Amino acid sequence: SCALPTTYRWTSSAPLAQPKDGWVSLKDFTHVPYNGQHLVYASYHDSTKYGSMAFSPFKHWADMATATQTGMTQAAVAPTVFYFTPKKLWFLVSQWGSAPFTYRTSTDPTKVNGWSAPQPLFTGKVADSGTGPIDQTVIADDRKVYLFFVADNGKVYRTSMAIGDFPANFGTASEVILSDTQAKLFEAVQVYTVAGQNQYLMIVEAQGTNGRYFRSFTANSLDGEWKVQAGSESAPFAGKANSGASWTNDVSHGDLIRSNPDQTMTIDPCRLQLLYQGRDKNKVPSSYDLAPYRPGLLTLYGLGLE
């Protein structure tokens, strides 16, 4: 195995795709390996609203730029895709619409518009938030399925249910598991099982002075306490300080590359890669919702002598 490093260093791709005509951005990526291919769902923004989409399955990252971009006719903003092995079904979890978070199911997750009708997955609210719950992820161990989310408010939230109950509405309850400034625990929480390392990894997007960046935390169990791993802007999990990305100062909402598509959200720490959203650092400010986000890929450096 390969331990997660003390100090992260990455190289970056160029932007991996441009939005198709009529869209301004591609955002909030979720990726699974599927039949030897990359399967990516994402949010998009057009001139006026958010929606969701998938890319046609593609073998190589080089392929992403020409993959077909298909909008979902019932939006599934900020999606999470995985296979739930105890039901033999694929899940797509997302925000807004009929409930704060919803789930939908499929036997073939590549059917962009083939998912079941959305059902409530979470019906809670939280305090001191202008957005409410956003940016969920879902992850399980052998005992429970957990929902983690954020709220643009400096807090990370968690709820859970017994594994044998999933899927169902988690309900209204949630607990604060991490609390800091709004900037430090802002958006885009993700949680993973670290293969061969007997631990769990969380990343959370923060607003830095130089751009968006990710902060990492580790825990010994999904119901355990999270402790910071790489939390400063100058020595982050991933950010301008260590991304190797020349084109973007932001390293923002996406997904680590998972080694298998199931509910454990497993990553291979020997092949650590981040599918992120970035934006041209030289494009003058405009509204956030019109920001020209694009996919990018970070790949961790190999070990070296220095």
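Residue positions are given as counts along the sequence shown, with the first one as 1.
Looking at the entry, does 188-196 or 110-118 show the higher mean C-alpha B-factor? Comparing averages over the C-alpha atoms only gives 110-118.
Per the record, averaged over C-alpha atoms, which has the higher B-factor: 176-184 or 91-99? The stretch with the larger average C-alpha B-factor is 91-99.
Largest Cα B-factor, entry values, listed residues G154, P133, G130, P79: It is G130.
Can you tell me which of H31, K59, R271, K27 has the highest Cα temperature factor in the record? Comparing C-alpha B-factors across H31, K59, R271, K27, the top value belongs to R271.
State the tercile, meaning the lowest, middle or highest third, of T248 with respect to the CA B-factors recorded for its chain. Middle third.
Please place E225 in the lowest, middle or highest third of its chain according to the CA B-factor in the PDB entry. Highest third - that is where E225 ends up once the chain's C-alpha B-factors are sorted.
Using the B-factor values recorded in the entry, state whether the Cα atom of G36 falls in the lowest, middle or highest third among the modelled residues of its chain. Answer is highest: the recorded C-alpha B-factor places it there.
Ranked C-alpha temperature factor of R258 among modelled chain residues, by third: Its C-alpha B-factor, which the entry lists for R258, ranks in the lowest third among residues of this chain.
Among all modelled residues of this chain, ranked by Cα B factor, put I267 in the bottom, middle or top third, i.e. lowest, middle or highest. It falls in the middle third of the chain.
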